[PDB]
Each structure stands twice: as C-alpha cells, then as structure tokens.
$ cat upload-v6.txt   # compact mmCIF, C-alpha atoms
# COMPACT_ATOMS: atom_id res chain seq x y z
CA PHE A 8 119.27 125.06 104.51
CA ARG A 9 122.68 123.37 104.60
CA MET A 10 121.30 119.84 104.86
CA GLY A 11 118.84 120.26 101.97
CA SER A 12 120.89 118.66 99.22
CA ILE A 13 121.81 115.72 101.45
CA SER A 14 118.16 115.24 102.42
CA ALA A 15 117.20 115.25 98.73
CA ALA A 16 119.90 112.73 97.79
CA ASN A 17 118.71 110.51 100.63
CA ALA A 18 115.10 110.66 99.36
CA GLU A 19 116.05 109.88 95.76
CA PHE A 20 118.15 106.97 96.99
CA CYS A 21 115.26 105.86 99.20
CA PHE A 22 112.94 105.44 96.25
CA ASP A 23 115.66 103.89 94.09
CA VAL A 24 116.07 101.24 96.80
CA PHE A 25 112.32 100.79 97.20
CA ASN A 26 111.94 100.20 93.47
CA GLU A 27 114.47 97.36 93.59
CA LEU A 28 113.58 96.00 97.02
CA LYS A 29 109.93 95.62 96.22
CA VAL A 30 110.76 93.37 93.23
CA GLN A 31 112.03 90.59 95.50
CA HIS A 32 109.85 91.26 98.56
CA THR A 33 106.39 90.92 97.11
CA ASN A 34 103.38 90.38 99.37
CA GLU A 35 105.57 91.17 102.35
CA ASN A 36 106.11 93.94 104.87
CA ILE A 37 109.07 96.17 103.96
CA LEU A 38 111.10 98.26 106.42
CA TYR A 39 114.49 99.89 105.87
CA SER A 40 116.41 103.07 106.64
CA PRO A 41 117.67 104.85 103.52
CA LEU A 42 119.59 107.17 105.86
CA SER A 43 121.51 104.47 107.66
CA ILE A 44 122.26 102.68 104.39
CA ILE A 45 123.44 105.81 102.61
CA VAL A 46 125.67 106.73 105.59
CA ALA A 47 127.21 103.24 105.51
CA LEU A 48 127.89 103.53 101.80
CA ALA A 49 129.25 107.08 102.13
CA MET A 50 131.82 105.73 104.60
CA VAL A 51 132.95 103.14 102.02
CA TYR A 52 132.83 105.76 99.24
CA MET A 53 135.43 107.76 101.17
CA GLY A 54 137.94 104.99 100.33
CA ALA A 55 136.74 104.07 96.83
CA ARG A 56 138.61 105.21 93.71
CA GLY A 57 138.29 105.02 89.94
CA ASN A 58 135.20 103.40 88.43
CA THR A 59 134.09 102.02 91.82
CA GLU A 60 133.97 105.56 93.22
CA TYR A 61 132.26 106.96 90.12
CA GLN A 62 129.52 104.31 90.29
CA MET A 63 128.87 105.11 93.95
CA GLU A 64 128.81 108.86 93.32
CA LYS A 65 126.06 108.41 90.72
CA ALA A 66 124.00 105.78 92.58
CA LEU A 67 124.06 107.70 95.88
CA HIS A 68 123.06 110.91 94.06
CA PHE A 69 126.15 112.69 95.34
CA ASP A 70 126.84 113.98 91.82
CA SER A 71 124.06 116.53 92.41
CA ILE A 72 125.11 117.85 95.85
CA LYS A 87 141.96 116.01 104.06
CA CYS A 88 139.52 113.10 103.83
CA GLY A 89 138.89 113.38 100.10
CA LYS A 90 136.93 115.52 97.69
CA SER A 91 133.52 115.02 99.37
CA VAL A 92 134.51 115.91 102.96
CA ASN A 93 131.57 118.33 103.17
CA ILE A 94 129.13 115.49 102.45
CA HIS A 95 130.73 113.39 105.19
CA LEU A 96 130.56 116.34 107.60
CA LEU A 97 126.86 116.91 106.88
CA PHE A 98 125.99 113.25 107.47
CA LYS A 99 127.94 113.24 110.71
CA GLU A 100 126.05 116.29 111.96
CA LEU A 101 122.67 114.86 110.86
CA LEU A 102 123.26 111.50 112.58
CA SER A 103 124.37 113.24 115.77
CA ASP A 104 121.07 115.16 115.83
CA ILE A 105 118.81 112.14 115.49
CA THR A 106 120.76 109.54 117.47
CA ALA A 107 120.02 109.96 121.13
CA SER A 108 118.14 108.50 124.03
CA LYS A 109 115.78 111.03 125.55
CA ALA A 110 112.82 110.04 127.65
CA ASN A 111 110.50 107.98 125.41
CA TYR A 112 112.91 108.16 122.45
CA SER A 113 115.63 105.70 121.48
CA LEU A 114 117.20 105.74 118.04
CA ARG A 115 120.36 103.72 117.51
CA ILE A 116 122.34 103.21 114.31
CA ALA A 117 124.93 100.44 114.25
CA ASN A 118 127.23 100.95 111.29
CA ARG A 119 130.47 99.11 110.79
CA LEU A 120 132.81 97.93 108.06
CA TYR A 121 134.52 94.72 109.15
CA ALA A 122 137.85 94.14 107.42
CA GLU A 123 140.04 91.06 107.12
CA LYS A 124 143.32 91.28 109.11
CA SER A 125 145.54 90.64 106.08
CA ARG A 126 144.00 93.64 104.28
CA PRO A 127 145.85 96.34 106.27
CA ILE A 128 143.99 99.62 106.54
CA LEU A 129 145.64 102.79 105.31
CA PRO A 130 146.32 105.08 108.28
CA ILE A 131 144.57 107.98 106.51
CA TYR A 132 141.37 105.97 106.04
CA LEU A 133 141.46 104.89 109.67
CA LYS A 134 141.89 108.50 110.79
CA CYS A 135 139.12 109.67 108.46
CA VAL A 136 136.76 107.03 109.81
CA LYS A 137 137.57 108.06 113.39
CA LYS A 138 136.93 111.75 112.67
CA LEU A 139 133.84 111.30 110.48
CA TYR A 140 132.28 107.85 111.06
CA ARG A 141 132.57 107.07 114.79
CA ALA A 142 133.78 103.55 115.59
CA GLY A 143 132.83 102.48 112.11
CA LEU A 144 135.72 100.19 111.16
CA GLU A 145 136.91 97.00 112.82
CA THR A 146 139.66 94.61 111.72
CA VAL A 147 138.95 90.90 112.35
CA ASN A 148 140.51 87.60 111.38
CA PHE A 149 138.20 86.24 108.68
CA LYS A 150 141.00 84.16 107.15
CA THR A 151 141.29 81.59 109.96
CA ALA A 152 138.46 82.65 112.31
CA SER A 153 135.61 83.63 109.98
CA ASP A 154 133.05 81.82 112.06
CA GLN A 155 134.03 83.44 115.38
CA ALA A 156 134.16 86.75 113.51
CA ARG A 157 130.60 86.12 112.33
CA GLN A 158 129.35 85.42 115.86
CA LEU A 159 131.08 88.54 117.15
CA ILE A 160 129.51 90.68 114.40
CA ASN A 161 126.03 89.25 115.02
CA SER A 162 126.35 89.69 118.80
CA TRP A 163 127.26 93.34 118.31
CA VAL A 164 124.25 93.89 116.05
CA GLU A 165 122.00 92.05 118.48
CA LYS A 166 123.18 94.09 121.47
CA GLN A 167 122.96 97.43 119.63
CA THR A 168 119.39 96.69 118.52
CA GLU A 169 118.16 95.75 122.02
CA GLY A 170 117.91 92.10 121.11
CA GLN A 171 115.75 92.69 118.04
CA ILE A 172 118.05 92.02 115.05
CA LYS A 173 119.47 88.51 115.48
CA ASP A 174 121.68 86.52 113.11
CA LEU A 175 122.03 89.40 110.63
CA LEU A 176 125.02 87.67 108.98
CA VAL A 177 123.76 84.18 108.24
CA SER A 178 125.91 81.05 108.40
CA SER A 179 126.56 80.76 104.67
CA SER A 180 127.68 84.38 104.37
CA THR A 181 131.30 84.49 105.62
CA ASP A 182 134.27 82.23 104.99
CA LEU A 183 138.06 82.26 104.86
CA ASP A 184 137.91 84.44 101.71
CA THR A 185 135.77 87.20 103.16
CA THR A 186 137.65 90.47 103.06
CA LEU A 187 135.10 93.24 103.82
CA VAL A 188 131.59 93.09 105.29
CA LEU A 189 129.36 96.14 105.59
CA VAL A 190 127.00 95.75 108.54
CA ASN A 191 124.28 98.26 109.13
CA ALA A 192 121.37 98.15 111.55
CA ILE A 193 118.91 100.65 112.92
CA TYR A 194 116.68 100.49 116.00
CA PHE A 195 113.92 102.91 116.86
CA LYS A 196 111.52 102.83 119.79
CA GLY A 197 109.38 105.90 120.27
CA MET A 198 106.07 106.86 121.77
CA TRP A 199 102.93 108.22 120.18
CA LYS A 200 102.28 111.86 121.16
CA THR A 201 98.53 111.57 120.95
CA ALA A 202 98.57 108.57 123.27
CA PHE A 203 96.44 105.71 122.00
CA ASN A 204 94.53 104.41 125.03
CA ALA A 205 95.09 100.65 125.34
CA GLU A 206 91.53 100.22 126.62
CA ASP A 207 90.50 101.08 123.03
CA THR A 208 92.99 98.78 121.26
CA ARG A 209 91.22 95.63 120.06
CA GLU A 210 91.41 92.92 117.41
CA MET A 211 90.05 93.95 114.00
CA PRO A 212 90.25 92.33 110.54
CA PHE A 213 93.12 93.55 108.40
CA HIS A 214 92.11 93.23 104.74
CA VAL A 215 95.35 92.21 103.05
CA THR A 216 93.28 91.64 99.91
CA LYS A 217 89.56 91.66 99.15
CA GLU A 218 89.65 87.88 99.69
CA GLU A 219 92.23 87.56 102.52
CA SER A 220 91.91 89.07 105.98
CA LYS A 221 94.10 88.49 109.06
CA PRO A 222 93.45 89.68 112.62
CA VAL A 223 95.55 92.55 113.95
CA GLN A 224 95.65 94.50 117.19
CA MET A 225 94.27 97.84 116.02
CA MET A 226 94.85 101.08 117.89
CA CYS A 227 92.18 103.76 117.79
CA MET A 228 92.76 107.50 118.25
CA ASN A 229 90.39 110.44 117.89
CA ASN A 230 92.18 113.79 117.91
CA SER A 231 93.38 116.71 115.81
CA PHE A 232 95.93 115.65 113.17
CA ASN A 233 97.40 117.06 109.99
CA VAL A 234 95.98 115.03 107.12
CA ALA A 235 96.10 115.39 103.33
CA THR A 236 92.90 114.23 101.65
CA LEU A 237 93.75 113.51 98.02
CA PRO A 238 90.85 112.09 96.00
CA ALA A 239 92.62 112.59 92.66
CA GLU A 240 95.28 110.18 93.95
CA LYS A 241 92.68 108.08 95.82
CA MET A 242 94.58 108.32 99.09
CA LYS A 243 94.89 110.05 102.45
CA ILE A 244 98.18 110.96 104.12
CA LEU A 245 98.18 111.24 107.91
CA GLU A 246 100.92 112.91 109.98
CA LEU A 247 101.46 111.37 113.42
CA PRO A 248 103.82 113.17 115.82
CA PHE A 249 105.74 111.31 118.48
CA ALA A 250 105.75 112.16 122.18
CA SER A 251 109.41 113.21 122.14
CA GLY A 252 112.19 113.74 119.61
CA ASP A 253 112.12 115.51 116.24
CA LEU A 254 110.78 112.56 114.21
CA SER A 255 107.24 111.96 113.01
CA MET A 256 105.40 109.37 110.94
CA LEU A 257 103.55 109.75 107.67
CA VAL A 258 101.00 107.07 106.72
CA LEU A 259 99.95 106.92 103.04
CA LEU A 260 96.63 105.04 103.02
CA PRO A 261 95.08 104.14 99.66
CA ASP A 262 91.34 104.72 99.60
CA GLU A 263 90.77 101.31 98.01
CA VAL A 264 91.55 98.01 99.72
CA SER A 265 93.93 97.16 96.88
CA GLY A 266 94.97 100.72 95.97
CA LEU A 267 98.55 100.21 97.12
CA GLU A 268 100.00 98.92 93.83
CA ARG A 269 99.02 101.99 91.82
CA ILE A 270 100.61 104.23 94.44
CA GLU A 271 103.78 102.15 94.63
CA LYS A 272 104.10 102.28 90.83
CA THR A 273 103.90 106.08 90.87
CA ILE A 274 105.60 107.19 94.11
CA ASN A 275 108.99 108.89 93.99
CA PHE A 276 110.58 111.91 95.66
CA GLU A 277 108.83 114.42 93.38
CA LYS A 278 105.39 112.82 93.75
CA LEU A 279 105.79 112.47 97.52
CA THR A 280 106.64 116.17 97.73
CA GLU A 281 103.57 117.09 95.67
CA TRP A 282 101.27 114.91 97.81
CA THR A 283 102.60 116.37 101.08
CA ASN A 284 102.66 120.02 99.97
CA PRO A 285 101.63 122.27 102.90
CA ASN A 286 98.78 123.63 100.74
CA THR A 287 96.71 120.42 101.09
CA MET A 288 97.91 119.28 104.53
CA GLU A 289 95.05 120.30 106.84
CA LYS A 290 94.63 120.24 110.62
CA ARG A 291 91.35 118.50 111.43
CA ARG A 292 89.70 115.97 113.72
CA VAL A 293 90.51 112.44 112.56
CA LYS A 294 89.31 109.05 113.80
CA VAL A 295 92.45 106.95 113.30
CA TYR A 296 92.67 103.16 113.19
CA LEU A 297 96.29 102.00 112.97
CA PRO A 298 97.82 98.56 113.59
CA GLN A 299 100.36 98.31 116.39
CA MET A 300 103.58 99.55 114.69
CA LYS A 301 106.32 97.11 115.75
CA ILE A 302 108.23 95.75 112.69
CA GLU A 303 111.59 94.04 111.95
CA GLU A 304 113.14 93.28 108.56
CA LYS A 305 116.58 92.10 107.49
CA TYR A 306 118.12 92.34 104.02
CA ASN A 307 121.15 91.25 102.13
CA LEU A 308 121.42 94.35 99.96
CA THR A 309 124.24 93.16 97.70
CA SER A 310 122.07 92.42 94.64
CA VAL A 311 119.98 95.54 95.13
CA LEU A 312 123.01 97.80 95.30
CA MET A 313 124.64 96.15 92.28
CA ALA A 314 121.41 96.56 90.33
CA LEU A 315 121.41 100.27 91.27
CA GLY A 316 124.76 100.55 89.50
CA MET A 317 127.36 99.79 92.20
CA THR A 318 128.49 96.58 90.56
CA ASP A 319 132.26 97.10 90.98
CA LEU A 320 132.10 97.32 94.77
CA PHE A 321 131.01 93.67 95.09
CA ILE A 322 133.33 91.95 92.61
CA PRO A 323 137.10 91.38 92.70
CA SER A 324 137.84 94.37 90.44
CA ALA A 325 136.60 96.74 93.15
CA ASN A 326 138.89 99.76 93.55
CA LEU A 327 139.03 100.38 97.29
CA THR A 328 142.65 101.55 97.30
CA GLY A 329 141.71 104.40 99.59
CA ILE A 330 140.87 101.79 102.24
CA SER A 331 143.75 99.36 101.75
CA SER A 332 146.68 98.70 99.40
CA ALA A 333 145.99 94.95 99.63
CA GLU A 334 145.92 93.07 96.34
CA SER A 335 142.36 91.72 96.54
CA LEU A 336 139.55 93.62 98.20
CA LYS A 337 135.80 93.90 97.70
CA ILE A 338 132.60 94.07 99.70
CA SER A 339 131.63 90.47 100.31
CA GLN A 340 128.20 91.24 101.85
CA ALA A 341 126.26 94.38 102.67
CA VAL A 342 123.55 93.56 105.22
CA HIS A 343 120.89 95.85 106.71
CA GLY A 344 118.58 95.16 109.67
CA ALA A 345 115.79 97.52 110.61
CA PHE A 346 113.58 97.55 113.70
CA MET A 347 110.81 100.10 114.40
CA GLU A 348 108.38 100.29 117.32
CA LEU A 349 105.96 102.90 118.58
CA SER A 350 104.54 102.30 122.06
CA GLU A 351 101.47 103.85 123.64
CA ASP A 352 100.89 105.75 126.89
CA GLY A 353 98.78 104.30 129.70
CA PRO A 370 82.28 116.69 116.69
CA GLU A 371 82.55 114.86 113.38
CA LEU A 372 85.79 113.11 112.50
CA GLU A 373 87.42 112.30 109.20
CA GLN A 374 87.92 108.55 108.86
CA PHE A 375 91.47 107.16 108.58
CA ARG A 376 91.04 103.38 108.92
CA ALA A 377 94.36 101.73 108.10
CA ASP A 378 92.94 98.22 107.81
CA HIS A 379 94.41 97.38 104.40
CA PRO A 380 97.92 97.69 102.99
CA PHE A 381 99.63 101.05 103.22
CA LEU A 382 102.96 102.80 103.00
CA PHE A 383 104.59 104.68 105.83
CA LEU A 384 107.74 106.57 106.63
CA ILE A 385 109.48 108.17 109.57
CA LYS A 386 110.95 111.58 108.83
CA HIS A 387 113.23 113.97 110.69
CA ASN A 388 111.09 117.10 110.78
CA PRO A 389 113.85 119.79 110.88
CA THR A 390 115.51 118.43 107.68
CA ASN A 391 112.72 116.41 105.98
CA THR A 392 115.14 113.48 105.95
CA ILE A 393 113.54 110.06 105.49
CA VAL A 394 114.78 107.90 108.36
CA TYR A 395 112.58 104.84 107.75
CA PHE A 396 110.52 103.82 104.75
CA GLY A 397 108.15 100.90 104.75
CA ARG A 398 105.15 98.96 103.51
CA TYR A 399 102.61 97.47 105.92
CA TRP A 400 101.26 94.51 103.94
CA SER A 401 100.07 92.06 106.59
CA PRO A 402 100.13 91.47 110.33
$ encode --input "upload-v6.txt" --output "structure tokens"
Amino acid sequence: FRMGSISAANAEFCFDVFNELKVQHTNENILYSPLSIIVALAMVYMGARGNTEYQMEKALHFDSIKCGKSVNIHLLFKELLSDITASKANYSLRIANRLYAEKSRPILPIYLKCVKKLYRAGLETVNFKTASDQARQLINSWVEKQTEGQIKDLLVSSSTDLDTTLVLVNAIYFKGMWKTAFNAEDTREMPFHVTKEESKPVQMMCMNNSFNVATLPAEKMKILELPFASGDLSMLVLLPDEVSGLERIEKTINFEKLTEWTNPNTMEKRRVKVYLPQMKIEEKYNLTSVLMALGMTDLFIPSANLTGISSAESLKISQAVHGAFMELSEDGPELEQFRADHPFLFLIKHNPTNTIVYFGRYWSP
C-alpha cells in the first residue's frame, strides 16, 4: 500500500481543516476537498525553506510519511491525482490548481522545471504590479471555465492589488451519477428539519435497494455507503439518529473515530429505504486565516521563506482561495430506514486508496 501514508496525512489534514472551518461557517453547508488543498500546498512546500517549510511539513502531516527532499510525496500525489481526474461516461472530476506569481518575482528555473514534472501547468506568471485587475479577471475566468461555470468570482475584487506577489488558486468540480439510480418519478418535496423548530422544503430523492450501512446505536448514528454509476469514488453519509445529533458527532469526529465507525466489521449489506436531498453543492473559501491558524503563519506574512520559488526580495502568499462544487445526477421485504431529512455529514472517497476527496456538512437546503 504505497499510497497509505499519503491517504492518512490527507485525512488528518481534512479533520484539522474541518475543525477550523466549522468555527467560522456555523449554521451553513460546508464543502471542500482536503485532497485538492493539500496538493496545492504541497506544490508550494516544494519551494519553501527554513521555518516556512518546517511549519508546512508539520501542518500537512508530512513529518509522519532533484526536486527536494520530499520528491516521493510529490510523486505519490501526482499518481493519485492522475487516477481520479478523468472524464469517463457519467464521471467528471476536475481539479484546477495554480500558483499565480507576480512578474517581478522571477521564478527559479529549477522550481519551474519541478512544477512542470510534478504539478502539471500549476504555475503562471502574471503582471499584478500594473495589471492586477486584469490578472484577477483572467484568474477568475480560468476557474469559471475549469469548473463548468460553477465557481464564479473566486478571487473577489478586494483581494488583489499592485502589491500582490503570489496567489494560490484551487478549485475542484465533480459531477457523477448515482449507481442505484434514483427514479425521478419518486423525487418529491419533503420537509428538511434543520432544527426541531425550523424546517425548509427540499427535493428529496428516494431509493430502496441493497446498500452497505453501518448501524451504530452507541454513537447514535447510521453511516450509508452510496456507490456511483462509474469511476472509483463513492459517498459516505453520516446521519445522526437525532434531529440535532450533528453537533455531538462533529465535536468527536476525527480520522481515528471515522475509521472505527466505518470498520468492515459493522458495515453490513442490507435493504435500505434511503431518503437523500438532491446533492448539488457549491462553496468558496478564503483559506488564509484557516491555514495560518493550523500553524502555517509564515507563508502568509512578509517573512515567508519561499526562496526555492524565487530569489526576489519580498514574497509571500497573498491569498489562498478554494472553490468546491459537487453534484450527483440521477438516471431516467423490510427495509432499514435512512431518512436524511436533518443535518448530516458526508464525504466522497476514492475507494482504492481510502483518500477523502470531498468532505462536507449538509445543514440546510
């Protein structure tokens, strides 16, 4: 299992991000890709030195797993992304990952070559100094095109100016299809109980088929596995038994607990009557504060050491922005109930590696 340590680092980072993200996104849907974020940061890490590099190594959990000392890590991420990025029939996963760099911060040839070999077309030089607004529009157009129109204005107007030197831009798009097709003649409006007092209407899909499901009364939850019609991704839905059971589960979830709850011992194939809201979600984040709070403070202040990217005097990450879009479309004996009509957590995983590709909270339609 070559990819096992990288999958584990990604999961630990996922829950580190969730713990920070949820502090400032209360009573809100959450959707992000720990994988696309960690790949973006690994690309920057390749050019970081000194304390900046050390902080990233710890915060990305690389301290537990040519182009620098961590070339193997870069090689494993490149291989993993190549697996999951693809357009098959009924499967489209796109990651848009780019570091935009000010013209007057010349890029070291070695970093440019390393990005070409390991991180695709992941680096672009632009004129922020005297064309920061055109640069902004060009960046946002690229993100918008790569996400099939779904992630618009990722870099907002206040975010770039003549002093911008580096912007990390990361977006992920996924559109897949349910394997057990939900028949649209059964989709209908049902109340979603955001709280015991507040309900909102949602288009609710209904399925009745064999599914793997963990039934966990000691944790007061059920975990449903939903395969997709094509690709090697699947969804897990963690549904609290109680209308307001989410908070207790968010306070306790981490990589170790998630592994315990999904152990194959208690995952059982059985007939399930599933109610699930239409899963089409978009979220955008400025992750600068979150990543500083995780320990990568140096990267975002003028004392950043990015001398493996450029020898220029001043250099730092001005903004790190992430946009995530996820959609699953449909196709044209007693049952266990799985009625996801109150807030829940969900994730999309890459089955061959157990890598978390998306992590999210469904709070409200």
$ closest_residue --input "upload-v6.txt" --among "A:325, A:44, A:313, A:235" --to "residue 283 in chain A" --atoms "only C-alpha atoms"
A:235
$ residues_around --input "upload-v6.txt" --residues "range 129-133 of chain A" --least-positions-apart "2" --cutoff "12 Å" --atoms "all atoms listed in the file" --output "mmCIF file with C-alpha atoms, in the coordinates of the input"
data_model
loop_
_atom_site.group_PDB
_atom_site.id
_atom_site.type_symbol
_atom_site.label_atom_id
_atom_site.label_comp_id
_atom_site.auth_asym_id
_atom_site.auth_seq_id
_atom_site.Cartn_x
_atom_site.Cartn_y
_atom_site.Cartn_z
ATOM 1 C CA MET A 50 131.820 105.730 104.600
ATOM 2 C CA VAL A 51 132.950 103.140 102.020
ATOM 3 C CA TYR A 52 132.830 105.760 99.240
ATOM 4 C CA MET A 53 135.430 107.760 101.170
ATOM 5 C CA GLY A 54 137.940 104.990 100.330
ATOM 6 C CA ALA A 55 136.740 104.070 96.830
ATOM 7 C CA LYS A 87 141.960 116.010 104.060
ATOM 8 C CA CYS A 88 139.520 113.100 103.830
ATOM 9 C CA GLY A 89 138.890 113.380 100.100
ATOM 10 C CA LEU A 120 132.810 97.930 108.060
ATOM 11 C CA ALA A 122 137.850 94.140 107.420
ATOM 12 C CA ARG A 126 144.000 93.640 104.280
ATOM 13 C CA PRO A 127 145.850 96.340 106.270
ATOM 14 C CA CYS A 135 139.120 109.670 108.460
ATOM 15 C CA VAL A 136 136.760 107.030 109.810
ATOM 16 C CA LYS A 137 137.570 108.060 113.390
ATOM 17 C CA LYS A 138 136.930 111.750 112.670
ATOM 18 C CA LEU A 139 133.840 111.300 110.480
ATOM 19 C CA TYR A 140 132.280 107.850 111.060
ATOM 20 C CA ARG A 141 132.570 107.070 114.790
ATOM 21 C CA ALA A 142 133.780 103.550 115.590
ATOM 22 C CA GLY A 143 132.830 102.480 112.110
ATOM 23 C CA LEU A 144 135.720 100.190 111.160
ATOM 24 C CA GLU A 145 136.910 97.000 112.820
ATOM 25 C CA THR A 146 139.660 94.610 111.720
ATOM 26 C CA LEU A 327 139.030 100.380 97.290
ATOM 27 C CA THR A 328 142.650 101.550 97.300
ATOM 28 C CA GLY A 329 141.710 104.400 99.590
ATOM 29 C CA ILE A 330 140.870 101.790 102.240
ATOM 30 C CA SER A 331 143.750 99.360 101.750
ATOM 31 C CA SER A 332 146.680 98.700 99.400
ATOM 32 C CA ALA A 333 145.990 94.950 99.630
#
$ closest_residue --input "upload-v6.txt" --among "A:100, A:19, A:371, A:35" --to "residue 68 in chain A" --atoms "only C-alpha atoms"
A:19
$ closest_atom_pairs --input "upload-v6.txt" --of "range 97-192 of chain A" --to "range 8-17 of chain A" --cutoff "12 Å" --atoms "all atoms listed in the file" --output "CSV"
residue,atom,partner,partner_atom,distance
A:97,CA,A:10,CA,6.6
A:98,CA,A:13,CA,7.7
A:99,CA,A:10,CA,11.0
A:100,CA,A:10,CA,9.3
A:101,CA,A:10,CA,7.9
A:102,CA,A:10,CA,11.5
A:104,CA,A:10,CA,11.9
$ atom_distance --input "upload-v6.txt" --atom1 "CA of residue 347 in chain A" --atom2 "CA of residue 293 in chain A"
23.8 Å
$ closest_residue --input "upload-v6.txt" --among "A:164, A:46, A:384, A:225" --to "residue 212 in chain A" --atoms "all atoms listed in the file"
A:225
$ closest_atom_pairs --input "upload-v6.txt" --of "range 35-149 of chain A" --to "range 189-210 of chain A" --cutoff "12 Å" --atoms "only C-alpha atoms" --output "JSON lines"
{"residue": "A:38", "atom": "CA", "partner": "A:193", "partner_atom": "CA", "distance": 10.4}
{"residue": "A:39", "atom": "CA", "partner": "A:193", "partner_atom": "CA", "distance": 8.4}
{"residue": "A:40", "atom": "CA", "partner": "A:193", "partner_atom": "CA", "distance": 7.2}
{"residue": "A:41", "atom": "CA", "partner": "A:193", "partner_atom": "CA", "distance": 10.4}
{"residue": "A:42", "atom": "CA", "partner": "A:193", "partner_atom": "CA", "distance": 9.6}
{"residue": "A:43", "atom": "CA", "partner": "A:191", "partner_atom": "CA", "distance": 7.0}
{"residue": "A:44", "atom": "CA", "partner": "A:191", "partner_atom": "CA", "distance": 6.8}
{"residue": "A:45", "atom": "CA", "partner": "A:191", "partner_atom": "CA", "distance": 10.0}
{"residue": "A:46", "atom": "CA", "partner": "A:191", "partner_atom": "CA", "distance": 9.3}
{"residue": "A:47", "atom": "CA", "partner": "A:191", "partner_atom": "CA", "distance": 6.8}
{"residue": "A:48", "atom": "CA", "partner": "A:189", "partner_atom": "CA", "distance": 8.4}
{"residue": "A:49", "atom": "CA", "partner": "A:189", "partner_atom": "CA", "distance": 11.5}
{"residue": "A:50", "atom": "CA", "partner": "A:189", "partner_atom": "CA", "distance": 9.9}
{"residue": "A:51", "atom": "CA", "partner": "A:189", "partner_atom": "CA", "distance": 8.6}
{"residue": "A:102", "atom": "CA", "partner": "A:193", "partner_atom": "CA", "distance": 11.7}
{"residue": "A:105", "atom": "CA", "partner": "A:195", "partner_atom": "CA", "distance": 10.5}
{"residue": "A:106", "atom": "CA", "partner": "A:195", "partner_atom": "CA", "distance": 9.5}
{"residue": "A:107", "atom": "CA", "partner": "A:195", "partner_atom": "CA", "distance": 10.3}
{"residue": "A:108", "atom": "CA", "partner": "A:196", "partner_atom": "CA", "distance": 9.7}
{"residue": "A:109", "atom": "CA", "partner": "A:197", "partner_atom": "CA", "distance": 9.8}
{"residue": "A:110", "atom": "CA", "partner": "A:197", "partner_atom": "CA", "distance": 9.1}
{"residue": "A:111", "atom": "CA", "partner": "A:197", "partner_atom": "CA", "distance": 5.7}
{"residue": "A:112", "atom": "CA", "partner": "A:197", "partner_atom": "CA", "distance": 4.7}
{"residue": "A:113", "atom": "CA", "partner": "A:196", "partner_atom": "CA", "distance": 5.3}
{"residue": "A:114", "atom": "CA", "partner": "A:195", "partner_atom": "CA", "distance": 4.5}
{"residue": "A:115", "atom": "CA", "partner": "A:194", "partner_atom": "CA", "distance": 5.1}
{"residue": "A:116", "atom": "CA", "partner": "A:193", "partner_atom": "CA", "distance": 4.5}
{"residue": "A:117", "atom": "CA", "partner": "A:192", "partner_atom": "CA", "distance": 5.0}
{"residue": "A:118", "atom": "CA", "partner": "A:191", "partner_atom": "CA", "distance": 4.5}
{"residue": "A:119", "atom": "CA", "partner": "A:190", "partner_atom": "CA", "distance": 5.3}
{"residue": "A:120", "atom": "CA", "partner": "A:189", "partner_atom": "CA", "distance": 4.6}
{"residue": "A:121", "atom": "CA", "partner": "A:189", "partner_atom": "CA", "distance": 6.4}
{"residue": "A:122", "atom": "CA", "partner": "A:189", "partner_atom": "CA", "distance": 8.9}
{"residue": "A:123", "atom": "CA", "partner": "A:189", "partner_atom": "CA", "distance": 11.9}
{"residue": "A:143", "atom": "CA", "partner": "A:190", "partner_atom": "CA", "distance": 9.6}
{"residue": "A:144", "atom": "CA", "partner": "A:189", "partner_atom": "CA", "distance": 9.4}
{"residue": "A:145", "atom": "CA", "partner": "A:189", "partner_atom": "CA", "distance": 10.5}
$ atom_distance --input "upload-v6.txt" --atom1 "CA of residue 399 in chain A" --atom2 "CA of residue 286 in chain A"
26.9 Å
$ residues_near_point --input "upload-v6.txt" --point "(100.0, 104.3, 99.7)" --cutoff "12 Å" --atoms "only C-alpha atoms" --output "ChimeraX atom specification"
/A:237,240-245,257-275,278-279,282,377,379-384,396-400
$ residues_near_point --input "upload-v6.txt" --point "(96.4, 115.1, 110.6)" --cutoff "6 Å" --atoms "only C-alpha atoms" --output "VMD selection string"
chain A and resid 232 to 234 245 to 246 290
